[PDB]
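Data block below; observations after.
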Amino acid sequence: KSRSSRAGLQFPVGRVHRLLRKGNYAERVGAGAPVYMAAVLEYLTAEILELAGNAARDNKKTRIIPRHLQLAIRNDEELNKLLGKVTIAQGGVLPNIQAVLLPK
Amino acid sequence: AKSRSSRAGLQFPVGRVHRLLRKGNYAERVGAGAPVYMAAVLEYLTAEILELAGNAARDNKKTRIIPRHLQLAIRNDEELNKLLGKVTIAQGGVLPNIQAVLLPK
Amino acid sequence: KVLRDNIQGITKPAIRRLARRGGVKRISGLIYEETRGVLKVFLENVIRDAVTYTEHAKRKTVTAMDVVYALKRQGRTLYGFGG
Amino acid sequence: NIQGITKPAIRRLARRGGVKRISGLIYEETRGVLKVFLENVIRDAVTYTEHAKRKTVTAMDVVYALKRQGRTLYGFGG
Amino acid sequence: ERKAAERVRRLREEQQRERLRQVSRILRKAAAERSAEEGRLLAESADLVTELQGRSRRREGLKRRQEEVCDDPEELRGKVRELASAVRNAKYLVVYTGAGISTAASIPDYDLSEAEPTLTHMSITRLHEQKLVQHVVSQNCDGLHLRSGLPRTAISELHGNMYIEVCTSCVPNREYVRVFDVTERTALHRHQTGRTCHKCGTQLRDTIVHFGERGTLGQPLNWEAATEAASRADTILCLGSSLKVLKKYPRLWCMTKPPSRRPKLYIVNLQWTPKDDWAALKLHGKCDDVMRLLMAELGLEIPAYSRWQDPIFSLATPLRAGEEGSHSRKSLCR
Amino acid sequence: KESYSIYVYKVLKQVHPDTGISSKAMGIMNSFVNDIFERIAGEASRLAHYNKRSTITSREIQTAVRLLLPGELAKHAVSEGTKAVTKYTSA
Amino acid sequence: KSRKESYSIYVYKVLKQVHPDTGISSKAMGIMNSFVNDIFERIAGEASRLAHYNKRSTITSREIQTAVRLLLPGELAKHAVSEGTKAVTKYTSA
Amino acid sequence: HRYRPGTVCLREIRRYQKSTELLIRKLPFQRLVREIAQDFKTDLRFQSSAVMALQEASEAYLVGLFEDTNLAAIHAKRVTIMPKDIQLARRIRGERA
Amino acid sequence: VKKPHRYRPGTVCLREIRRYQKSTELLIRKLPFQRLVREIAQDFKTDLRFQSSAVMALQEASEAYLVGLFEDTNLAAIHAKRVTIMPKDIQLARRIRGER
DNA sequence: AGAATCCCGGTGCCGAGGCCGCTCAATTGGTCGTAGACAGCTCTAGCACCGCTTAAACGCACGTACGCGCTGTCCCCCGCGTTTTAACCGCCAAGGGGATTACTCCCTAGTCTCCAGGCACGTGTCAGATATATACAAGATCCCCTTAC
DNA sequence: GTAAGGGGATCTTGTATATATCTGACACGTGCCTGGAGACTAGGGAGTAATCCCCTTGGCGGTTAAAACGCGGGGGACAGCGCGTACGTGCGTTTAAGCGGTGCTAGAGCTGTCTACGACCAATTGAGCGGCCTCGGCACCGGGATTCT
Ligand SMILES: *CCCN[C@]1(NC)O[C@@H]2[C@H](O)[C@@H](COP(=O)(O)OP(=O)(O)OC[C@H]3O[C@@H](n4cnc5c(N)ncnc54)[C@H](O)[C@@H]3O)O[C@@H]2S1
Ligand SMILES: [Zn+2]
């Protein structure tokens, strides 16, 4: 019955429609705009969660923590470009030591 | 007096700024003193830039301001350069600057 | 007629003039290719954004307003061409 | 109170940055740059706090002030 | 600093522009063309007065050296006697030459095959055949010295010749006298006559030296005997040369010698040369008249040039058949 | 208060069934979703304003996604949005 | 064709106020128009964000003042604030 | 024995690049924050979240700056960083005119 | 040797620096730049048309970008006790700037 | 050989995932006014070609100043041990001030009428562009004079 | 007696400056029409007072690990020297950018209309939000196994 179930998405559509309607973006809001919104947001969150769960599996843990999200974002090139100006709390750094500083 | 800019003692339009504020999707309602404040601030900024541009034009023995004079005025002042830090002005050039190490000894 | 290999039209003296305006006194011999690559990347990005802007409006001509919008979208605001 | 940023702390931050050896005139420069950064961010945060007619600086004021400078931060209510 | 308090640059600029424009437009007025009221206090700006006075002084000092300076015939005939006495008392004299000597042949200074040797060249030859003159250095490229009759063993044209072709493939190197010039298609670093040799099997090259080029041949421009003669000679007689180019060769003037030990130079040229201050006695006037008067003073005769007296025709190397048509100038005939 | 904890958890159990999550990670995910929503919405609003329009359709959202997301992310997001819109309209 | 709006009439009046015997060219006019539009957009966007943060539907002069303080660096901000307050006081009193 | 100078330096690099905690004490940073803020408005108050967020942002900024500084130092054929490296990094980044 | 007047290596470089820092004109010929822009554009849409002001704006932006990049490169070159600029200077400038 | 770090076993403890109950926000249904999709016309600016005159690009030679490798020193960071200190933890009090609710005046949107300010078009004359001849300001080299030998 | 180094005069070249001629763009005037100003109505946003119970600031006693201090030694920074070659300066040659016409046609821009679509409002039911719990996932402590030095 819900407009989300009419498209298969798991994200809300009424919430997105209300946020677009009272967000001071335009005079009128189309009918299919919240469906597009929810589709794109769902794709992005699903992909990020897949990569983070992979990185959590490589560390022999059953839960995801900000370290794994940071690892997933930093390792992949596309998500690294998207979240370039973003600082993640309790993230850390990618392990990297310059070769010229390594002993011979 | 009829014009709202004359009552505020400004040279910038108040009615036009009010209409632009209303038809811009910034807020549902717009107060009565906002256009006056905005016109005053914009007038102050434009006069401040224009004075330095006119001085730089007179320094070159010319009586008409061209983009080079605007660029010189903007880049030669600290705060105006900080404000317009990521702006490119067409036909403006650069400030002359040579590093000291490159000059003959 | 299709365009092919026009990056060579940006000549070495032009790069030297740009460098002199930048304050450069001595130039190596491998700088020209690096400059050409950097310029190509920059132009690719800007023109892709401008083409997207002009295609949204169901148009067939790229306008200066689209170029200005694309530049402002990358934090490179430009004055004197409208806006 | 800037001297409460000890030298081992700067060494640890440099280690996480990948630095091997550190000169002896680095600590004062680090203190100066940190002071400038904090001054700017706190100035913007206090402005945001003053507009809302409050006396307490909340985490959202810091988040907005950071976002104004292009230093977006996640995990505090963004 | 306050923005308004930072308006001291306006007073700075005002004072600077005022003083500069005032002093410029005040001192730019000539005193002789100024009135009493505007010109009474010209000397008030002492520094300005001395600066513009020195600038103008150097200006007409530089200008005054660019015009002809001549001596009246009384002084000329007074100087020629002492010059003749000096040349008679001279032991080892070398003669330097320049563009002014050939000027009497309507040759430009700083077609050319129609020129002929002048009186000065004949006087030089007659002086040389009397042991008075031993070595001659020249900078002219016309080649009138060759046509005069002066032996090539005692001359060295340091800038080449327009009537000689050279081949370097041979171990001792080869030279050939050509009646016509080879200067038609000569440029910097492009030294190729484009003509068949005699038997070498390689194309010849010209002999002209351009600015920036370093002389390497030894046949037309001998750089050993000239230096040796300039080192051994105790007197110098330059004629018709400004010496603005020859002054760049140190060994020719023997500049390493102490100033007292340097040979005495007797310049004869109209304009002013940078060696003027060290001249033993400079003469101003046409070198042709001076040489004629020198010959009259010494009693030496006047050699006469004839168009059948050119030795170039006898020494001209015959050209390979079919190669004559390449050149596009006027040949020389007896 | 409102959040996307309920939906992100659903997507998580969809992708990795035998995995849990803490609270800080969920907060970071919420901030991510809010940031992306604001970016796309603002870009679409600008697009509508430039063309002298008054409504925000799905064309605005699609062009915003093209101008914002990089690389193959844009391709896959555009495809999923078109497919979801078609399924919603037909159903 | 349609009527087009610009700020040349006001910019020229301000220029004649400051330098009474100076001119201006067309390219400089375009640069000045772009400058005014850019500053207007910046301040209006900041004020709208400030209104949304505090859950208010109205843009008043307090929002403009706060946006001016946020966006202008120094004594520029101080002088602009004083000028705006003077203008609003004169308008309200009269 | 005595490790040759350089081993413990890399050991610490690995340790602090394989970690997530904070590298500055909390009480001194709070004290510095309050003393800086007292010059904008007297009698101010703070929440713990505000000071935590300030600390996280500052540490991230300093770590990134040190990365750029190390790159600049390596470019000059050295191993140790100097104030001129910090100045060059800050000037190229645009933080200084 | 007939030695003419000749400036030492470095004088004309500083003379050119002053000449091109006192001017405002464009330093790239227009026809090759327009050809390059169209060639790049033909990989996103076929048979496109360009306004003259669009190409002028593109040229202005590109020249400003290149001048700024060369200034940063010169600073990087000076830092390493050199006078000449080399590709690694450009790479370091772009890496610190945030590009790549 | 030998310290530093990962691997395995056993325990504890609080945080993530479910379950209950409920209340506001999304869903249904219909209605009304207007935005924009589509057809059509026009006129303007973007594309294509041609001929020419000339300045900029290009190829080449020469030499010199700069970049790079090697060596020596000396000095200033790093690793280790011992003493000094203040951060962190857990506990307990107290009042400021953020957050919610109720009520009332008044400020702003909406509408109609009317006039004047600003925009499109036209015309002239003067400030800046251009050619021409001088003046001068800096660079490059030579030669004389001074000093250690 | 000899030679290396310091400084004034000079020549050259490129840039700045004074004077006249001219041309196109800036500045001022005119017609007019569309947007801003004047007057009035109604209704909801915002300001003001009151109350509470959350949260921030302050003080106190241990303890224990982190910071500060001293010392010795070795590796890295930096100066100095020699050498080779790559890059700058200038000249002669070749090419293609820039300019001024001539012409055509796609495609941008504007006008009319007419219908489908989005905003508004009253009912009403279920999806998401606040509280409580329960039990396991991960950190902690200790012995030994591998691993660079
Ligand atoms: C190594 C480069 C070679 N360049 C060149 N060959 C291509 O070498 C010569 C030579 O370098 C130079 C000729 O110099 P010059 O012979 O001294 O002629 P200059 O211009 O300096 O004038 C001489 C002076 O003598 C005066 N003068 C003119 N007419 C006179 C008469 N009839 N009598 C006496 N003096 C006379 C002139 O006023 C002039 O000042 O160019 C080639 S190029
Ligand atoms: Zn031979």
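Just remember, in the structure tokens the first chain shown is A, the second B, etc., residues are 1-based per chain, and ligands are 1-based in the order shown.
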
Residues at most 9 Å from ligand 2, using only C-alpha atoms (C1' of nucleotides) and all ligand atoms? Could they come as a PDB file with N, CA, C and O atoms, in the first residue's frame?
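result17.pdb written:
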```pdb
ATOM      1  N   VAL E 166      88.551  28.485 -51.042  1.00  0.00           N
ATOM      2  CA  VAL E 166      89.426  27.606 -50.278  1.00  0.00           C
ATOM      3  C   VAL E 166      88.833  26.205 -50.226  1.00  0.00           C
ATOM      4  O   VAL E 166      87.617  26.013 -50.326  1.00  0.00           O
ATOM      5  N   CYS E 167      89.717  25.217 -50.090  1.00  0.00           N
ATOM      6  CA  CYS E 167      89.335  23.828 -49.880  1.00  0.00           C
ATOM      7  C   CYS E 167      90.172  23.267 -48.743  1.00  0.00           C
ATOM      8  O   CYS E 167      91.402  23.386 -48.754  1.00  0.00           O
ATOM      9  N   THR E 168      89.503  22.655 -47.766  1.00  0.00           N
ATOM     10  CA  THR E 168      90.153  22.158 -46.562  1.00  0.00           C
ATOM     11  C   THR E 168      90.356  20.650 -46.561  1.00  0.00           C
ATOM     12  O   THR E 168      90.988  20.132 -45.635  1.00  0.00           O
ATOM     13  N   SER E 169      89.836  19.937 -47.563  1.00  0.00           N
ATOM     14  CA  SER E 169      90.020  18.489 -47.611  1.00  0.00           C
ATOM     15  C   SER E 169      91.492  18.126 -47.750  1.00  0.00           C
ATOM     16  O   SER E 169      91.967  17.174 -47.118  1.00  0.00           O
ATOM     17  N   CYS E 170      92.229  18.870 -48.570  1.00  0.00           N
ATOM     18  CA  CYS E 170      93.657  18.634 -48.719  1.00  0.00           C
ATOM     19  C   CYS E 170      94.377  18.884 -47.400  1.00  0.00           C
ATOM     20  O   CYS E 170      94.009  19.779 -46.634  1.00  0.00           O
ATOM     21  N   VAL E 171      95.402  18.072 -47.129  1.00  0.00           N
ATOM     22  CA  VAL E 171      96.155  18.221 -45.881  1.00  0.00           C
ATOM     23  C   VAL E 171      96.822  19.587 -45.770  1.00  0.00           C
ATOM     24  O   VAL E 171      96.702  20.222 -44.710  1.00  0.00           O
ATOM     25  N   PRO E 172      97.524  20.099 -46.787  1.00  0.00           N
ATOM     26  CA  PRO E 172      98.063  21.461 -46.687  1.00  0.00           C
ATOM     27  C   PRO E 172      97.056  22.551 -47.013  1.00  0.00           C
ATOM     28  O   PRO E 172      97.421  23.732 -46.964  1.00  0.00           O
ATOM     29  N   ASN E 173      95.818  22.180 -47.355  1.00  0.00           N
ATOM     30  CA  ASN E 173      94.748  23.097 -47.746  1.00  0.00           C
ATOM     31  C   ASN E 173      95.060  23.763 -49.081  1.00  0.00           C
ATOM     32  O   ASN E 173      96.228  23.979 -49.421  1.00  0.00           O
ATOM     33  N   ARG E 174      94.024  24.094 -49.848  1.00  0.00           N
ATOM     34  CA  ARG E 174      94.209  24.645 -51.182  1.00  0.00           C
ATOM     35  C   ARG E 174      93.450  25.954 -51.319  1.00  0.00           C
ATOM     36  O   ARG E 174      92.379  26.135 -50.735  1.00  0.00           O
ATOM     37  N   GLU E 175      94.017  26.861 -52.110  1.00  0.00           N
ATOM     38  CA  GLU E 175      93.425  28.162 -52.376  1.00  0.00           C
ATOM     39  C   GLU E 175      93.346  28.379 -53.879  1.00  0.00           C
ATOM     40  O   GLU E 175      94.141  27.827 -54.645  1.00  0.00           O
ATOM     41  N   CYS E 197      85.536  22.112 -57.739  1.00  0.00           N
ATOM     42  CA  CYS E 197      86.924  22.404 -57.404  1.00  0.00           C
ATOM     43  C   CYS E 197      87.808  22.145 -58.622  1.00  0.00           C
ATOM     44  O   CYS E 197      87.331  22.000 -59.750  1.00  0.00           O
ATOM     45  N   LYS E 199      90.764  19.612 -58.535  1.00  0.00           N
ATOM     46  CA  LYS E 199      90.930  18.166 -58.520  1.00  0.00           C
ATOM     47  C   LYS E 199      90.567  17.526 -57.187  1.00  0.00           C
ATOM     48  O   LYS E 199      90.743  16.313 -57.041  1.00  0.00           O
ATOM     49  N   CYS E 200      90.070  18.292 -56.215  1.00  0.00           N
ATOM     50  CA  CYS E 200      89.887  17.756 -54.871  1.00  0.00           C
ATOM     51  C   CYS E 200      88.701  16.805 -54.789  1.00  0.00           C
ATOM     52  O   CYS E 200      88.707  15.879 -53.970  1.00  0.00           O
ATOM     53  N   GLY E 201      87.682  17.007 -55.620  1.00  0.00           N
ATOM     54  CA  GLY E 201      86.475  16.216 -55.523  1.00  0.00           C
ATOM     55  C   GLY E 201      85.479  16.698 -54.494  1.00  0.00           C
ATOM     56  O   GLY E 201      84.485  16.005 -54.246  1.00  0.00           O
ATOM     57  N   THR E 202      85.712  17.858 -53.885  1.00  0.00           N
ATOM     58  CA  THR E 202      84.794  18.435 -52.915  1.00  0.00           C
ATOM     59  C   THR E 202      84.526  19.888 -53.275  1.00  0.00           C
ATOM     60  O   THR E 202      85.385  20.575 -53.834  1.00  0.00           O
ATOM     61  N   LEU E 204      84.092  23.833 -52.838  1.00  0.00           N
ATOM     62  CA  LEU E 204      84.881  24.796 -52.091  1.00  0.00           C
ATOM     63  C   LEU E 204      83.985  25.584 -51.138  1.00  0.00           C
ATOM     64  O   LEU E 204      82.758  25.446 -51.133  1.00  0.00           O
TER      65      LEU E 204
END
```

So which residues are near ligand 1, meaning at most 9 Å away with only C-alpha atoms (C1' of nucleotides) and all ligand atoms counted, given back as number ranges by chain?
-> E: 66-68, 97-104, 108-110, 138-141, 158-160, 208-215, 239-246, 268-273, 284-288; I: 1-4

Compute the set of chain F residues within 9 Å of chain K, using only C-alpha atoms (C1' of nucleotides), and express it as a ChimeraX atom specification.
-> /F:1-2,6

Would you list the contacts of residue 33 of chain K as number ranges by chain, taking every protein, DNA or RNA residue within 12 Å and counting only C-alpha atoms (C1' of nucleotides), but skipping same-chain residues closer than 6 positions in sequence?
-> G: 3; J: 115-120

Point-to-point distance in Å for atom CA of residue 55 of chain B and atom CA of residue 28 of chain G =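 Separation of atom CA of residue 28 of chain G and atom CA of residue 55 of chain B: 15.0 Å.
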
Residue 15 of chain H: which residues within 9 Å, counting only C-alpha atoms (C1' of nucleotides), same-chain residues fewer than 5 positions away excluded, as an mmCIF file with N, CA, C and O atoms, in the first residue's frame?
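Saved result, result.cif, follows:
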```cif
data_model
loop_
_atom_site.group_PDB
_atom_site.id
_atom_site.type_symbol
_atom_site.label_atom_id
_atom_site.label_comp_id
_atom_site.auth_asym_id
_atom_site.auth_seq_id
_atom_site.Cartn_x
_atom_site.Cartn_y
_atom_site.Cartn_z
ATOM 1 N N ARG D 15 54.310 10.744 14.145
ATOM 2 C CA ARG D 15 54.437 9.317 13.862
ATOM 3 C C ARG D 15 53.241 8.812 13.071
ATOM 4 O O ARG D 15 53.398 8.099 12.075
ATOM 5 N N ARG D 16 52.030 9.169 13.503
ATOM 6 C CA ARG D 16 50.853 8.785 12.729
ATOM 7 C C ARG D 16 50.853 9.439 11.354
ATOM 8 O O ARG D 16 50.250 8.911 10.415
ATOM 9 N N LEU H 10 60.339 3.411 13.557
ATOM 10 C CA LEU H 10 59.400 2.713 12.640
ATOM 11 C C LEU H 10 58.425 1.886 13.481
ATOM 12 O O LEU H 10 57.231 1.846 13.130
#
```

Tell me, which residues of segment 15-100 of chain I carry DSSP strand (DSSP E or B), written as an mmCIF file with N, CA and C atoms, in the first residue's frame?
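Wrote it out as states29.cif, contents follow:
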```cif
data_model
loop_
_atom_site.group_PDB
_atom_site.id
_atom_site.type_symbol
_atom_site.label_atom_id
_atom_site.label_comp_id
_atom_site.auth_asym_id
_atom_site.auth_seq_id
_atom_site.Cartn_x
_atom_site.Cartn_y
_atom_site.Cartn_z
ATOM 1 N N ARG I 49 27.344 22.740 -31.062
ATOM 2 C CA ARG I 49 27.632 24.107 -31.458
ATOM 3 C C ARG I 49 28.092 24.901 -30.246
ATOM 4 N N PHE I 50 29.009 25.833 -30.477
ATOM 5 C CA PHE I 50 29.614 26.607 -29.407
ATOM 6 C C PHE I 50 29.459 28.093 -29.684
ATOM 7 N N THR I 84 65.814 25.759 -11.882
ATOM 8 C CA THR I 84 65.012 25.194 -12.955
ATOM 9 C C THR I 84 63.826 24.428 -12.391
ATOM 10 N N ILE I 85 62.717 24.456 -13.128
ATOM 11 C CA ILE I 85 61.512 23.716 -12.770
ATOM 12 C C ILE I 85 61.503 22.407 -13.549
#
```

At most 8 Å to chain D: residues in chain F, only C-alpha atoms, as a PyMOL selection string = chain F and resi 24+27-28+31-32+34-35

Can I get the selection written as a PDB file, in the first residue's frame, with C-alpha atoms?
```pdb
ATOM      1  CA  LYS F  24      28.573   5.125  16.213  1.00  0.00           C
ATOM      2  CA  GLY F  27      25.306   7.664  13.375  1.00  0.00           C
ATOM      3  CA  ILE F  28      27.986   8.047  10.710  1.00  0.00           C
ATOM      4  CA  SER F  31      25.098  11.778   8.646  1.00  0.00           C
ATOM      5  CA  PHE F  32      26.155  10.363   5.276  1.00  0.00           C
ATOM      6  CA  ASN F  34      21.630  13.508   5.258  1.00  0.00           C
ATOM      7  CA  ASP F  35      24.656  15.024   3.503  1.00  0.00           C
TER       8      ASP F  35
END
```

Please identify which residues in chain G DSSP calls alpha helix (DSSP H) from the backbone, and express them as a ChimeraX atom specification.
-> /G:8-18,26-53,61-71,75-93

Let's have the selection written as a PDB file, in the first residue's frame, with C-alpha atoms.
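After the write, again.pdb holds the following:
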```pdb
ATOM      1  CA  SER G   8      24.582  50.157 -13.731  1.00  0.00           C
ATOM      2  CA  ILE G   9      22.311  53.097 -12.701  1.00  0.00           C
ATOM      3  CA  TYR G  10      23.245  52.711  -8.982  1.00  0.00           C
ATOM      4  CA  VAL G  11      26.922  51.826  -9.477  1.00  0.00           C
ATOM      5  CA  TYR G  12      27.323  54.953 -11.606  1.00  0.00           C
ATOM      6  CA  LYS G  13      25.652  57.124  -8.958  1.00  0.00           C
ATOM      7  CA  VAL G  14      27.971  55.737  -6.271  1.00  0.00           C
ATOM      8  CA  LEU G  15      31.004  56.309  -8.504  1.00  0.00           C
ATOM      9  CA  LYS G  16      30.024  59.928  -9.149  1.00  0.00           C
ATOM     10  CA  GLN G  17      29.607  60.278  -5.384  1.00  0.00           C
ATOM     11  CA  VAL G  18      33.122  58.993  -4.657  1.00  0.00           C
ATOM     12  CA  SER G  26      31.599  48.201 -20.200  1.00  0.00           C
ATOM     13  CA  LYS G  27      33.795  45.294 -19.075  1.00  0.00           C
ATOM     14  CA  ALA G  28      34.288  46.945 -15.685  1.00  0.00           C
ATOM     15  CA  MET G  29      30.511  47.389 -15.469  1.00  0.00           C
ATOM     16  CA  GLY G  30      30.007  43.681 -16.118  1.00  0.00           C
ATOM     17  CA  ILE G  31      32.560  42.782 -13.453  1.00  0.00           C
ATOM     18  CA  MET G  32      30.804  45.046 -10.938  1.00  0.00           C
ATOM     19  CA  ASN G  33      27.404  43.517 -11.749  1.00  0.00           C
ATOM     20  CA  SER G  34      28.783  40.010 -11.232  1.00  0.00           C
ATOM     21  CA  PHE G  35      30.340  41.116  -7.932  1.00  0.00           C
ATOM     22  CA  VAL G  36      27.045  42.488  -6.603  1.00  0.00           C
ATOM     23  CA  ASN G  37      25.119  39.384  -7.673  1.00  0.00           C
ATOM     24  CA  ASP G  38      27.691  37.081  -6.045  1.00  0.00           C
ATOM     25  CA  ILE G  39      27.591  38.927  -2.721  1.00  0.00           C
ATOM     26  CA  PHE G  40      23.780  38.996  -2.748  1.00  0.00           C
ATOM     27  CA  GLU G  41      23.624  35.238  -3.334  1.00  0.00           C
ATOM     28  CA  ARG G  42      26.151  34.508  -0.578  1.00  0.00           C
ATOM     29  CA  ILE G  43      24.426  36.603   2.084  1.00  0.00           C
ATOM     30  CA  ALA G  44      20.924  35.427   1.148  1.00  0.00           C
ATOM     31  CA  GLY G  45      21.956  31.770   1.298  1.00  0.00           C
ATOM     32  CA  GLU G  46      23.639  32.206   4.672  1.00  0.00           C
ATOM     33  CA  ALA G  47      20.579  33.993   6.074  1.00  0.00           C
ATOM     34  CA  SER G  48      18.252  31.253   4.823  1.00  0.00           C
ATOM     35  CA  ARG G  49      20.444  28.611   6.471  1.00  0.00           C
ATOM     36  CA  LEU G  50      20.422  30.571   9.740  1.00  0.00           C
ATOM     37  CA  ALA G  51      16.626  30.798   9.622  1.00  0.00           C
ATOM     38  CA  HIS G  52      16.302  27.061   8.967  1.00  0.00           C
ATOM     39  CA  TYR G  53      18.661  26.174  11.832  1.00  0.00           C
ATOM     40  CA  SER G  61      17.595  42.160   9.746  1.00  0.00           C
ATOM     41  CA  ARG G  62      19.116  40.071  12.549  1.00  0.00           C
ATOM     42  CA  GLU G  63      19.726  37.263  10.048  1.00  0.00           C
ATOM     43  CA  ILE G  64      21.349  39.687   7.602  1.00  0.00           C
ATOM     44  CA  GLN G  65      23.586  41.063  10.353  1.00  0.00           C
ATOM     45  CA  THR G  66      24.683  37.585  11.444  1.00  0.00           C
ATOM     46  CA  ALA G  67      25.366  36.566   7.838  1.00  0.00           C
ATOM     47  CA  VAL G  68      27.421  39.729   7.314  1.00  0.00           C
ATOM     48  CA  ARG G  69      29.480  38.961  10.418  1.00  0.00           C
ATOM     49  CA  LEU G  70      30.031  35.359   9.294  1.00  0.00           C
ATOM     50  CA  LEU G  71      31.034  36.222   5.722  1.00  0.00           C
ATOM     51  CA  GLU G  75      37.069  45.882   9.880  1.00  0.00           C
ATOM     52  CA  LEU G  76      35.130  45.378   6.653  1.00  0.00           C
ATOM     53  CA  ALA G  77      32.533  43.521   8.719  1.00  0.00           C
ATOM     54  CA  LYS G  78      32.593  46.172  11.449  1.00  0.00           C
ATOM     55  CA  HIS G  79      32.042  49.083   9.059  1.00  0.00           C
ATOM     56  CA  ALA G  80      29.380  47.228   7.068  1.00  0.00           C
ATOM     57  CA  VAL G  81      27.460  46.450  10.265  1.00  0.00           C
ATOM     58  CA  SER G  82      27.601  50.085  11.376  1.00  0.00           C
ATOM     59  CA  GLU G  83      26.424  51.316   7.960  1.00  0.00           C
ATOM     60  CA  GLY G  84      23.506  48.892   7.847  1.00  0.00           C
ATOM     61  CA  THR G  85      22.400  49.810  11.360  1.00  0.00           C
ATOM     62  CA  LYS G  86      22.523  53.509  10.464  1.00  0.00           C
ATOM     63  CA  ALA G  87      20.403  52.953   7.351  1.00  0.00           C
ATOM     64  CA  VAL G  88      17.784  50.894   9.187  1.00  0.00           C
ATOM     65  CA  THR G  89      17.590  53.424  12.032  1.00  0.00           C
ATOM     66  CA  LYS G  90      17.078  56.313   9.608  1.00  0.00           C
ATOM     67  CA  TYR G  91      14.426  54.378   7.674  1.00  0.00           C
ATOM     68  CA  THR G  92      12.489  53.356  10.796  1.00  0.00           C
ATOM     69  CA  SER G  93      12.601  56.780  12.474  1.00  0.00           C
TER      70      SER G  93
END
```

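One finds atom CA of residue 40 of chain H at 7.5 Å from atom CA of residue 46 of chain D.
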
Residues of chain A were defined as contacting chain K if any atom lay at most 9 Å from it, counting only C-alpha atoms (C1' of nucleotides); please report them as a tab-separated table (two decimals) with N, CA and C atoms, in the first residue's frame.
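Final file, part.tsv:
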```tsv
chain	number	residue	atom	x	y	z
A	28	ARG	N	6.80	23.79	-6.45
A	28	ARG	CA	6.07	22.54	-6.58
A	28	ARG	C	7.04	21.37	-6.63
A	29	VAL	N	6.53	20.19	-6.26
A	29	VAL	CA	7.31	18.96	-6.23
A	29	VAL	C	6.62	17.92	-7.09
A	30	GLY	N	7.38	17.28	-7.97
A	30	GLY	CA	6.83	16.26	-8.84
A	30	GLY	C	6.39	15.02	-8.07
A	31	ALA	N	5.84	14.07	-8.81
A	31	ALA	CA	5.31	12.85	-8.21
A	31	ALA	C	6.37	11.77	-8.04
A	61	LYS	N	35.67	-10.18	12.84
A	61	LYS	CA	34.68	-9.60	13.73
A	61	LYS	C	33.30	-9.68	13.09
A	62	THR	N	32.27	-9.69	13.93
A	62	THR	CA	30.89	-9.80	13.47
A	62	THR	C	30.15	-8.47	13.44
A	63	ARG	N	30.78	-7.39	13.90
A	63	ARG	CA	30.16	-6.07	13.93
A	63	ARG	C	31.00	-5.09	13.13
```

Spatial neighbours of residue 206 of chain E, 8 Å, only C-alpha atoms (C1' of nucleotides), chain gap at least 3 places, as a list in words =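 Residues meeting the cut-off are residues 162, 164, 165, 166, 182, 183, 186, 191, 192 and 193 of chain E.
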
Quick one: everything within 7 Å of residue 56 of chain D, counting only C-alpha atoms (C1' of nucleotides), minus sequence neighbours fewer than 6 positions away in the same chain. Send it as a VMD selection string.
-> chain H and resid 44 to 46

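Closest approach to chain G from the set E:185, E:33, E:1, E:137 is made by E:1, with distances taken over only C-alpha atoms.
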
Got a sec: who's within 9 Å of segment 66-70 of chain I, counting only C-alpha atoms (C1' of nucleotides), leaving out chain neighbours fewer than 5 positions off, as an MDAnalysis selection string?
-> (chainID C and resid 18:24 35 38:39) or (chainID I and resid 61 75 90 93:94)

Chain B residues within 10 Å of chain H, counting only C-alpha atoms: which ones, as an NGL selection string?
-> :B and (78 or 81-82 or 85)

So, counting only C-alpha atoms, which residue among E:30, E:119, E:217, E:43 is closest to chain I?
->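 Ranking E:30, E:119, E:217, E:43 by distance to chain I, first place goes to E:217.
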